[PDB]
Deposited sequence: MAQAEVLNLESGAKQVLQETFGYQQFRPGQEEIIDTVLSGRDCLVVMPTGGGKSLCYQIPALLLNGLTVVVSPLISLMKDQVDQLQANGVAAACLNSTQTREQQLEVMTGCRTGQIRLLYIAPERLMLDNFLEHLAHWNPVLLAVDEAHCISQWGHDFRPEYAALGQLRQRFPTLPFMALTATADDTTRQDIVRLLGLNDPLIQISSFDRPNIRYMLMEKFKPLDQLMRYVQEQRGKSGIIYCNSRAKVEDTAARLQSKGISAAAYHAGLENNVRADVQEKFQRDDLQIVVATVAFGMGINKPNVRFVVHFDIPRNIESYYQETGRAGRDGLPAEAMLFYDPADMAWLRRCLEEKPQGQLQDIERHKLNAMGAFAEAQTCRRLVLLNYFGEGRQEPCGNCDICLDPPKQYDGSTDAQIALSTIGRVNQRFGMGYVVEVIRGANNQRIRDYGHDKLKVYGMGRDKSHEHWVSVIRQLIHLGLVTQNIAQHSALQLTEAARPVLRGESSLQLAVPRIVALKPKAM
C-alpha cells in the first residue's frame, strides 16, 4: 500500500531493524543515514565491503508512504532480494528487460495501485519507453542508486546505461535521492555526487578497514604446488579461490577434488540450476571450497585466494571483502609474480590510446604498486580510498616481517618538497628526474633545473626515489591524482615531515 509502518519515525528505524530484519543494533553509519533519509535529505553512503548498505534504503522505505525505487545493475541478485524481502512480508518487486512484457506490466500495475512498496529496476529499464512518465504517477517518495560508482568514468566499473540516470534529478526536482557504494575512492565519490546531482547531500564515508581480514602475498614459484600447499595448510577452513580462466577454475577444482578436498567449480558456463546448487552447498558448508571466476554472500568464508592479480584495487577489495563477513578472523592471499604485471601492461598498452587507457593504466599501476609494496598492506588499501592513516595494522604479511628501516626524514622532505615545488602537476618519473637532476629539456623548459631540489637525490638510484615516493603514497602523505594524469599531490599528513617537525622511518628500498 506504500503505507508508513510506524507512528514515530525516529524510534521507528530501530523498531523495524529488530522487528522486521531481526538485528539487535545498528552498524555505525546506518542510523545517521536512515534518519537523514527519513528527513528528506539527499545522501551519499560509502559503506565498506558487506557493511550493511541495503538496510539504509530498505528501512526508510518501510517507514514512508510512497514508492521507493532502487536502481541496480545486478539483475540475478535483485530478484533474490525481492524474494527474501517478500519472505519477510516486505512488498518488493523488480522490473528489468529480462522479464516478459506481461510480467513487466504486472509490476507496473502494482506500483500504479500501491500494492508495491519497493521496486528494484535495471538502469536501462528506468529510462526506456517513457518509464519516468508512468513513474511520476505512482507516488515516488525515494530513489536509491545502488552500485553508484558505476556512473563514473573514474571508477573501476563504468556502465554506460547509468549515464542516463543524470536525467532524473532534472525530471524529479523534489525527489530525494540516495547514492550507495562500497567501492569508490575520492575522485569517484566526488564524481558520483556531481553526476547524480545530489543536493547538498550528507556524505557519510564508513571506514574501509575490515580488521579481521589479514592481507598476505606469496611470490609465485611452482604456483600450483604453492596453491595446493596453501589450501592444505588451511586445514579444512572454508574458502574461495579466484582464477581468471574457466580452465584454471575447472582444473584447480579437479586437482583439489583428487586430494579429498570438497571443492567445486563456479563460472558463467554452468547452468542456472548448477550455480545455485554450488552456491547453496557453499552457503551451508557442504563444500569447503569454491573455485571461481569473478562471479555468494556467505558470512563465514575463511579465506579468499587470488591466483591471478586483479586489474585494480577496487576489484581486489570487493573480492577479498567476501571473506570474514561474520567478523571472525579471515585471510586473503594473493599469489603474485612481477611477470604477471608485465603481461597485463603489455595487454593494456595496445588497447586504443586515450582517456580510458589512462584511467586503466593508473589503476593497474596502483594495483602493481600494492603488490610490490614495502609498506603495510592495509595502509595501501585505506590511503587508496582516501582514509588517510599512518599506523601499521600488525595483521598483514609486511607487518609480520617488516622490511629493514632507516630514518627517511631527509629523503621524504626532498620528495615532498619537489612535488610541492613543481606545483603538484607531475607524475612519478618527472619528479624522480628532477630529484636526480637529469639533463632533460622538459625540465629546462619549465625551469625546474633552477630549483634547489634539482639533483639533491642524484647519489641514490631511480629505484630508491621510486620506493620513497611510493612509501609516501602508501602512507597517505602523497596522493596520485587520476583526474590530472596521476600527478603527485600533497595531503595534510605531509605537513610535519615537510616542516622537519617529525621524523619518518621508511623501508630501505629493495634492489630490483
{"item": "Ranges missing from the model, given as deposited sequence positions", "value": "296-299, 517-523"}
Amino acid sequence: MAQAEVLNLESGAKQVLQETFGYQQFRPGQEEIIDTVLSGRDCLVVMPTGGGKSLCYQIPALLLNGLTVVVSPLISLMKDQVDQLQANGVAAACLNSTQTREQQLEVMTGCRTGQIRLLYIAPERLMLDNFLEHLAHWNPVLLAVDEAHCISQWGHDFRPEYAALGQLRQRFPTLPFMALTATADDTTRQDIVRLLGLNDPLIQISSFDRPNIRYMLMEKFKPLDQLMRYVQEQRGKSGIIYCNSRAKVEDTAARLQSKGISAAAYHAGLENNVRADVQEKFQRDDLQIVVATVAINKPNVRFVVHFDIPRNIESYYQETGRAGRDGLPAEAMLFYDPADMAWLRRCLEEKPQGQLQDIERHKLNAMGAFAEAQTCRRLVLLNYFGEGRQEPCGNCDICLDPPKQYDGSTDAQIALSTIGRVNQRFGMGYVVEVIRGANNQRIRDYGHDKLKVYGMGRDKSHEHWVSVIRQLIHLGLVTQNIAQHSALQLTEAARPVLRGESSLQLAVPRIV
From here on, numbers count along this sequence of modelled residues.
query	finding
Greater mean Cα temperature factor according to the PDB record, 399-407 or 167-175	167-175
Higher-scoring stretch by recorded Cα B factor average, 265-273 or 408-416	265-273
Top residue by Cα temperature factor, when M428, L227, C347, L142 are compared in the entry	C347
Identity of residue with top Cα B-factor, from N440, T252, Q234, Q374	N440
Third of the chain, ranked by Cα B-factor, where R284 sits	middle
Chain-wide C-alpha B factor ranking for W154, given as lowest, middle or highest third	middle
Chain third (lowest, middle, highest) by recorded CA B-factor, residue given as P60	middle
B-factor third for the C-alpha atom of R458 within its chain	lowest
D337 - Cα temperature factor, lowest/middle/highest third of chain	lowest
